[PDB]
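Asks: using only what follows, build the 3D model:
(7 chains)
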Amino acid sequence: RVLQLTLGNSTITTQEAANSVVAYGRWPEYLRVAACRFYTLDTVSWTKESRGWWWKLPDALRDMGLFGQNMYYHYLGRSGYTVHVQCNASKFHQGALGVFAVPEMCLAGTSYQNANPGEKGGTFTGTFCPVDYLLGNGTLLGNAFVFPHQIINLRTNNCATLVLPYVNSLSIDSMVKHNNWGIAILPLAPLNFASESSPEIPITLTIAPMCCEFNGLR
Amino acid sequence: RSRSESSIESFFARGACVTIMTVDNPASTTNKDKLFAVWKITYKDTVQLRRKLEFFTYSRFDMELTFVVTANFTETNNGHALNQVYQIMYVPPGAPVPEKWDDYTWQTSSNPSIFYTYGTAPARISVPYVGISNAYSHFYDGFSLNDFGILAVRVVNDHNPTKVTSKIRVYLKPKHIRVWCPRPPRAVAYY
Amino acid sequence: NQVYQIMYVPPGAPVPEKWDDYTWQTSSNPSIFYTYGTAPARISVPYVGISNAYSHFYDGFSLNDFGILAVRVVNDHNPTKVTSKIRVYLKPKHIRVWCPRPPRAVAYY
Amino acid sequence: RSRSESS
Amino acid sequence: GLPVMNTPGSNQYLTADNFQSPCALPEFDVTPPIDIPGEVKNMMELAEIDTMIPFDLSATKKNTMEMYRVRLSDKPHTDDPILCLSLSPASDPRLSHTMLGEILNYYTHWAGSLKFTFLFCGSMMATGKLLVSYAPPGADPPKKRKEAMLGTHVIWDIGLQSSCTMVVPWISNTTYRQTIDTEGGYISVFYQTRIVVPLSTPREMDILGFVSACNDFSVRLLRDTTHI
Amino acid sequence: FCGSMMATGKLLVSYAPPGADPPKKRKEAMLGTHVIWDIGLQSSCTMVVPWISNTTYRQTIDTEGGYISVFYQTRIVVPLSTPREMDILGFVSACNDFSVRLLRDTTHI
Amino acid sequence: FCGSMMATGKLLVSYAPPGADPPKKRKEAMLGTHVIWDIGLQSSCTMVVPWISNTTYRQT
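Replies: Numbering: from 1, shown residues only, chains lettered A, B, ... in the order given. Shown next is the structure:
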């Protein structure tokens, strides 16, 4: 089984949408078109020495196509997302990732360009760069599995999916000023591999806005 | 089996002191600007309520404030004073705060005020949800904290001979709580 | 007029060590604020037993915990000393008792 | 919409 | 007027009291609520979440990413366990820090079942057998694989299924235990077989471990011990 | 327009929405929302602003909210020695959807 | 893909339409029409170009 998903002028090859977590059980919904497509970010290399990676949302897509154009040329907007993490590796690599979606992921070691990496995303550290096992804020990472999450354990699966509804104190809000979601991908178990295998496996993120809607155009 | 005491209402709605506001009598000797006390309502000071609220991201709650006033003469001197009255003024969000003892805010119709007579039942009000947003944000990943209001306190009696200090304990009890989006709880470390 | 904090500490909870300990600010511990010269204060502790019945006699190896009552004056910088006695009038209500026994003499009491 | 407080 | 008789308890403020109270803003139209995703109606919903156990709380491992990983290696086949986890969710330093433990620290009494979930984070190729044992309360934990096998256990096959969800039962004399001191059982993982690997694949894998309350879990008698 | 019955011309009444930096040239204003008001035909022009805000309610103090702005599309034409200096007045009013809350009297001496 | 059964990876097969200057970076190509071909799962990738021309017929 190999599903070939499509959104407009974009196509993605998912092994299967078997493990697809919906954050807090709520599917994205409008308030009771073209921007909502697959935007695949620049891959990051997971090595033995990695501590983690993190992107914000909608900050990650501030430059991507219409979801960037609209996100600037409007004032207010809301959007759910579909973060698809593909971590294609061999059968002779081993490790685990924890993909955690975090509402209002306020990081701490704080000045807009600092907490808004954009497309490339930031990285954690193990002692700016926030701490890996803390997620910046003093917070034991074990308890981090409260958040909407999924485990990419290479021995069994090599891709996760996260459907994220719009989560904010407001019905609609300015996307330029204020992020809603924060994706953090941290290695629960370290990478390891056979003798001379590819020593750094790639992690790819495919973000797809869902129920993207904005007001008011200038 | 029963999960009532682990309900949000039972876990949160519990009378917790959040400040101790000290005010002196308007004695005409050398008294400083300690004649009145002002405290912006904020949970970020008491660790118990804060650590319980930072389990969760968003929130909504009415806020029952009880006021326990306790006075005493300062000097060993032969102290005498008729029963004091205390103006406990709640200042809603976005409103001006008192600067002086005889500022106009103590005569403003907007600002609701309690007139507690010393030696009686503790004063009380019930602030409703006063958020512009549809939920109190405990964590906000954006650029330009939430305003609950201010509590100001003074003695109403003016030309008093003997000094009288007084502490107003504020027992805040959140009522009708709702909380969304749980989070890992912080350690007690940075509090 | 003095105010008295009469704090009931449930079983298994920490007890005050100092006057300004944290237990007097704990949300758990219910506290009465009795204003002197008013009606006597009162609370109604429920049955707080882990067991389904208070054991007066227990023929086993490792007494029952009902709680603690702590008391302080709230006013702080007072010029003149004031002693105060708090009589605690306990009235058990909704009693049930099982397995009668011979009553002890008044001897060892 | 609600115009109670401006009554 | 209506003759009344003020009883004892009048003019006292009991912090546990629940009375009506006058609203300071009675003409104020509250901001209506919206349907935010993720409403929590109860704290146990947070303890029903599989959170990761820190097994290695040594000086170096603790307060890092390594404090959670249990390393399976290739060394002399000692009968001692890979890990032995005491079931004092509140009075065990390892389970004390989990989300479950964080909610139990706020309470005095608790009762119910726990579900532990170990997770092999090794290679797709590696194969072997672990034995996940559960000694019940009162029992002295198993010291050899045989003693553990005879009791309750699960022969987890590293090759076939990558996780193993053993559920502890609710065994207590009282209807409720305490969150402080005295037993409660022991999970414990042994090698049944030293882990086999193919070619130059690494012979040092990791297993993670999760814990969560079950639907039968409950707590009572709130006890906040938070201070400075 | 409080000018002559004879005078003719076109003004362009623009509305920049909140967040936008106000239009500086007639072109920038035309591309956005606008109304080409004809001085010759109709003597008034009623543009209604919409309710755009992230919150359900704004504040009465501090931060944007938009800009009305009036440009000449055409310099005003007049017949014979009629004065070439006219006046336009401007009115504002809440709509039926308007509402306020949380009274705050700041009146004092 | 005529590589190994074991090898895994992702290629991005882009199609710039006529008039467009060809994409020079992966980002520019992704934003336009594209197909994220997974080397690991499916070994081929059949992208079909459309018929876009001002005339009813082009020249050779």
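
Asks: would you list every one of the strands in chain B?
Replies: B:16-24, B:36-40, B:56-73, B:85-91, B:113-117, B:123-127, B:150-155, B:164-182 (DSSP state E).

Asks: just the buried positions in the second one, please.
Replies: So the one you mean is strand B:36-40. B:36, B:37, B:38, B:39 (16 or more other Cβ atoms under 10 Å in any protein chain shown). Every residue, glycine included, has its C-beta placed from N, CA and C.

Asks: what number of residues are in the vicinity of whatever residue of chain B ends up closest to chain A?
Replies: Of the residues in chain B, the one nearest chain A is residue B:142, at a distance of 2.7 Å by Cβ to the nearest Cβ. Neighbour count for residue B:142, taken as other Cβ atoms under 10 Å in any protein chain shown: 18.

Asks: mind listing what it touches?
Replies: A:177, A:178, A:179 (Cβ atoms under 8 Å, 6 or more residues apart in numbering or on different chains).

Asks: quick one: which of those residues is the most crowded by neighbours?
Replies: For the contacts of residue B:142, neighbours were counted using other Cβ under 10 Å, and residue A:179 has the most, 25 neighbours in all.

Asks: surely it touches residue A:54?
Replies: No - when contacts are counted by Cβ atoms under 8 Å, residue A:179 is not listed as touching residue A:54 (11.3 Å).

Asks: what is in contact with the two at once?
Replies: Residues touching both residue A:179 and residue A:54 by Cβ under 8 Å, 6+ apart: residue A:105.

Asks: now the closest residue to chain D within chain B: how far from residue E:30?
Replies: Closest to chain D within chain B is residue B:110: 11.2 Å, counting by Cβ to the nearest Cβ. Per Cβ to Cβ, to the nearest Å, residue B:110 is found 17 Å from residue E:30.

Asks: what secondary structure does residue E:206 sit in?
Replies: Here residue E:206 is recorded as strand under DSSP: H, G, I helix; E, B strand; the rest coil.

Asks: number of residues surrounding it?
Replies: Neighbours of residue E:206 under the rule other Cβ under 10 Å: 21.

Asks: ok, it - contacts?
Replies: Taking Cβ under 8 Å, 6+ apart, we find residue E:206 in contact with A:96, A:189, A:190, E:69, E:70, E:71, E:72, E:121, E:122.

Asks: bridged to the residue nearest to residue E:154 when sequence neighbours are not counted, which residues?
Replies: Distances taken as Cβ to Cβ, 6 or more residues apart in numbering or on different chains place residue E:132 nearest to residue E:154, at 4.6 Å, with adjacent residues excluded. Judged by DSSP bridges, the bridge partners of residue E:132 are residue E:154, residue E:189.

Asks: verify the stated contact: residue E:132 with residue E:187.
Replies: Yes - between residue E:132 and residue E:187 there is a contact under Cβ under 8 Å: 7.0 Å.

Asks: export the strands of chain B as JSON lines, with columns for distance to residue E:107.
Replies: Putting the strands of chain B into JSON lines (distance: least, Cβ to Cβ, whole Å) gives the following:
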{"stretch": "strand B:16-24", "distance to residue E:107": "17"}
{"stretch": "strand B:36-40", "distance to residue E:107": "31"}
{"stretch": "strand B:56-73", "distance to residue E:107": "18"}
{"stretch": "strand B:85-91", "distance to residue E:107": "34"}
{"stretch": "strand B:113-117", "distance to residue E:107": "35"}
{"stretch": "strand B:123-127", "distance to residue E:107": "28"}
{"stretch": "strand B:150-155", "distance to residue E:107": "32"}
{"stretch": "strand B:164-182", "distance to residue E:107": "17"}
